[PDB]
> 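The structure that follows is given in the form of structure tokens.
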Amino acid sequence: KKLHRXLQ
Amino acid sequence: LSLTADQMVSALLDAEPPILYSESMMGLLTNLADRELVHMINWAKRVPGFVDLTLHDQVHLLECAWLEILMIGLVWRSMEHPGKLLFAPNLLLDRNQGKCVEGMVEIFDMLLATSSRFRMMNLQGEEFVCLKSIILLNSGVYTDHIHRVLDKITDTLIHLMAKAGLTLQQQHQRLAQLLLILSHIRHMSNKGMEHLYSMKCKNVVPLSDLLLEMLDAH
Amino acid sequence: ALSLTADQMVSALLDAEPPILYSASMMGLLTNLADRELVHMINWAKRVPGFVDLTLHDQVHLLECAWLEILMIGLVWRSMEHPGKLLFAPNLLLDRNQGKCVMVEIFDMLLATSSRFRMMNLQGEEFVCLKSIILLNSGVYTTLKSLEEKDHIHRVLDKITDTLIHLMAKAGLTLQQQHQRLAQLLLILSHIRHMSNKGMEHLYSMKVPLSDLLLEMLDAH
Ligand SMILES: C[C@]12CC[C@@H]3c4ccc(O)cc4CC[C@H]3[C@@H]1CC[C@@H]2O
Ligand SMILES: C[C@]12CC[C@@H]3c4ccc(O)cc4CC[C@H]3[C@@H]1CC[C@@H]2O
């Protein structure tokens, strides 16, 4: 989920 | 894919991530890599065809290739500094400073050897940004649209060498040599990943939540 | 030594090809098979054009570095005719779920690679080129006297590359298609390296008993 959020 | 070879190169050159500075040797390297990852994410979004991929695939590619990208970037930065690794302008490490961390010097040796290889081949910046984009797209395939972009970068690489004045035979020979280096870059990444996870389990250095997740995927 | 023609290089590698051998307990079956394949690999490497021109010290270094890659690309090759399965041996055709017995992540990547070769319709002539490339390239990055031998390996690598292109040219592929296919094949070698490092770390974490030779090839990593 972490990286999944900076590619928003 | 609707881009020319020159547009492909120019877009990749323009999308290049900035050279960051460093702010416990593992602490400095961890801190640097963490801040670089953020700039790598924005860089990936500017790689032609990457945003076209599903977000799940975008995650997977970056999770698999993030250390390869950092390493080839490092190797590129250290080309003009033989026997040294330029992690940062204020962090120029000689080979022997790898002895500071357990099992780190053999990673340095491979990174230094890769830099000398780029040096002997006279690697160009245009070729470098192509290789880095290839790494991002290829390093997670065996885990359609991706392969057609990869074929586009291949065409771009050939166009560069043809424009550089290399004969047709020298082109596919040099093309082969460049791509065979990615196998070694892959090797260094896997060893670096095992080393980083080794440092995490021995509580050598604290890792950010982003890096923890990067390790977990491996 | 390698002033051979393109097809002279092909037929040299084709004839040098090792045979397909037959075979907790799962680790025993795979490691004993690999051990017997290692012996055939050693004599196979000697028949690779330009390999015996290297010193013994350098021949060892190259084999220690690439042995698992060579085993894996061999496995992947003979598994093409069996989708979703890995043919370690004619009497040892394993499915994906049988990877859970020990490793299923390694199986998945091997299966995905075998599938990738199918989609490319990899030819036998191209396979023997790729495997010889792995042998010579995997450990090359690890005095003038020692320089000239690294240069020798580089020249032979260029020779095999010429051979791969020759095969695609003969296959009627256009110049653009040759460059793209050559690139695709060599990029797969990166994945093979990746699987090797993962398999090596797995074999080490499993350390069933191993033989003297296999322990040595593992100890190199
Ligand atoms: C990942 C490591 C710390 C961060 C290092 C780094 C840090 C920043 C960077 O730009 C490149 C690299 C490559 C080598 C990396 C190291 C190899 C092993 C160690 O765990
Ligand atoms: C090396 C392992 C046992 C031997 C296996 C083998 C054994 C024989 C062979 O021809 C290929 C392979 C590839 C996968 C290998 C396995 C991957 C992990 C395990 O340790």
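In what follows, chains carry the letters A, B, and so on, assigned in the order in which the sequence lines appear, proteins first and then strands, with residues in each chain numbered from 1. Computed from heavy atoms alone, side chains included, the values below leave out hydrogens, waters and symmetry copies.
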> Is it true that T113(C) and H191(C) share a donor-acceptor pair across their side chains at a distance under 3.5 Å?
no
> Report which part of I134(B) has an atom under 4.5 Å of a heavy atom belonging to chain C: side chain, backbone, both, or neither.
side chain
> Is it the side chain or the backbone of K152(B) that comes within 4.5 Å of chain C heavy atoms, both, or neither?
neither
> Heavy-atom pairs under 4.5 Å with chain C - which of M110(B), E194(B), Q169(B), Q171(B) has more of them than the others?
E194(B)
> Main chain of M80(C), side chain of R118(C): is a donor-acceptor contact present, judged purely on distance under 3.5 Å?
yes
> Heavy-atom distance under 4.5 Å to chain B: side chain of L164(C), backbone, both or neither?
neither
> Using side chain to side chain donor-acceptor pair (under 3.5 Å) as the criterion, list what pairs up with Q123(C), not counting sequence neighbours.
none
> In plain terms, say whether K131(C) and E69(C) are close enough for a salt bridge, that is, a side-chain N and a carboxylate O under 4.0 Å apart.
no
> State plainly whether the residues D6(B) and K163(B) are in salt-bridge range, i.e. N to O under 4.0 Å.
no
> Name the member of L186(C), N137(C), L182(C) that forms the most heavy-atom pairs with chain B at distances under 4.5 Å.
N137(C)
> So what's closer than 4.5 Å to chain C heavy atoms on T154(B): side chain, backbone, both or neither?
side chain
> Are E106(B) and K191(B) within salt-bridge range, i.e. N to O under 4.0 Å?
no
> Which answer fits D155(B), side chain, backbone, both or neither, if we ask what part of it has an atom under 4.5 Å from a heavy atom of chain C?
side chain
> Check whether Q184(C) gets within reach of chain B through its side chain, its backbone, both or neither, counting any heavy atom under 4.5 Å.
side chain
> Taking side chain as everything from C-beta outward and backbone as N, CA, C, O, which of these in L175(C) sits under 4.5 Å from a heavy atom of chain B? Side chain, backbone, both or neither.
side chain
> Tell me, please, which residues at least two apart from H159(B) pass ring-ring contact (aromatic ring centres under 6.0 Å, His included).
none
> Can you tell which part of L180(B) gets under 4.5 Å to a heavy atom of chain C, answering side chain, backbone, both or neither?
both
